[PDB]
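In: Before I ask anything, here's the sequence and the deposited coordinates:
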Amino acid sequence: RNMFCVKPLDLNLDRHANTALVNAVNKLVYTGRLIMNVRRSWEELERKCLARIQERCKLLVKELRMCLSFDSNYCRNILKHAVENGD
Amino acid sequence: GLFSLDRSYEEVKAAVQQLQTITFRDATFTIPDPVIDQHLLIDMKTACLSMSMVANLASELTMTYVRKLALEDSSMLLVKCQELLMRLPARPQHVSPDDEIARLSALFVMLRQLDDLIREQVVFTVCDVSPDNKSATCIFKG
């Protein structure tokens, strides 16, 4: 839900049941799955944002193109830049 | 020799008195002149070293075997055995057969070192006896 304030502490795993190898594997898989989840969430959110920006730019350029004027041409030339990266 | 260290002189005398006499095969013998000197000192040093190494090497499984056995077994051997020890479900904290093998391999060498100082070399092995015990036929070795 929110990937920025992540803090893991949750392992109530104990020394009695399960071998030590199993315990180590469980802790490792918890940490790994946390990393995977945070990374995948961030990537998906960024991709959605990029799609929205690109389609807004396309629609606005098409809207603005109908009026040939100096200011409109300047705005269009600004908007013509492609967006696929944070930079 | 080992008991003589740091014990009081009178109780050392008492211990020497009780230890020097031996009953073997329905006969009584007594050791003459049990003097403590350098010759016994070197043996005491080697015994102390070997015991230190044995205590260091022994795995937790070896140490805990006696303690765990008393929880479910009961015998005269065990109860007479556990009287000597200091009075203090679960799973083994660490299982590693290779480490156990190597550790036991070294512990055998240390036990041989401790054993050698009381072992005496066999000179004869007997298979016959005169029924008056005066003579026997033996194989010589050494």
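Out: All right, it came through fine. Numbering: from 1, shown residues only, chains lettered A, B, ... in the order given.
In: max-length helix in chain A?
Out: Criterion DSSP state H: the longest helix present in chain A is helix A:20-64.
In: I figured residue A:76 hits residue A:62, correct?
Out: No - under the criterion of Cβ atoms under 8 Å, residue A:76 is not in contact with residue A:62, lying 9.9 Å apart. In short, each C-beta sits where N, CA and C put it, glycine included.
In: for the longest helix of chain A, packing partners?
Out: helix A:70-79 (3 or more Cβ pairs under 8 Å, 6 or more residues apart in numbering or on different chains; DSSP states H and E).
In: any idea which element residue 87 lies in?
Out: No chain was given, so I picked chain A. Per DSSP states H and E, residue A:87 falls between elements, in no helix or strand.
In: not quite, I wanted chain B
Out: Using DSSP H and E, residue B:87 falls outside every helix and strand.
In: which stretches of chain B form strands?
Out: B:21-24, B:27-30, B:124-126, B:138-140 (DSSP state E).
In: Indicate which one of these is closest to residue A:32.
Out: Residue A:32 lies closest to strand B:124-126 among these, at 68.0 Å (Cβ to Cβ).
In: Sheet partners, orientation included, of that closest one?
Out: strand B:138-140 (antiparallel) (DSSP bridges).
In: Tell me how far the strand it pairs with lies from the chain's centre.
Out: Centroid separation between strand B:138-140 and its chain, computed with Cα atoms, centre = their mean, to the nearest Å, is 28 Å.
In: again with stretch B:15-28
Out: Worked out by Cα atoms, centre = their mean, stretch B:15-28 lies 17 Å from the chain centre.
In: Who are the contact partners of residue A:65?
Out: residue A:76 (Cβ atoms under 8 Å, 6 or more residues apart in numbering or on different chains).
In: What separation is there between the residue lying farthest from the centre of chain A and residue A:23?
Out: Using Cα atoms, centre = their mean, the residue of chain A lying farthest from its centre is residue A:16. It sits 40.6 Å away. Per Cβ to Cβ, to the nearest Å, residue A:16 is found 10 Å from residue A:23.
In: Tell me which residue lies nearest the centroid of chain B.
Out: residue B:115 (7.2 Å).
In: Next, work out how far apart that one and residue B:50 are.
Out: Separation of residue B:115 from residue B:50 (Cβ to Cβ): 9 Å.
In: again with residue B:69
Out: Plainly put, residue B:69 is 25 Å away from residue B:50 if you go by Cβ to Cβ.
In: Same question for residue A:5.
Out: Distance from residue A:5 to residue B:50, counting by Cβ to Cβ: 61 Å.
In: same check, this time on residue B:5
Out: 16 Å.
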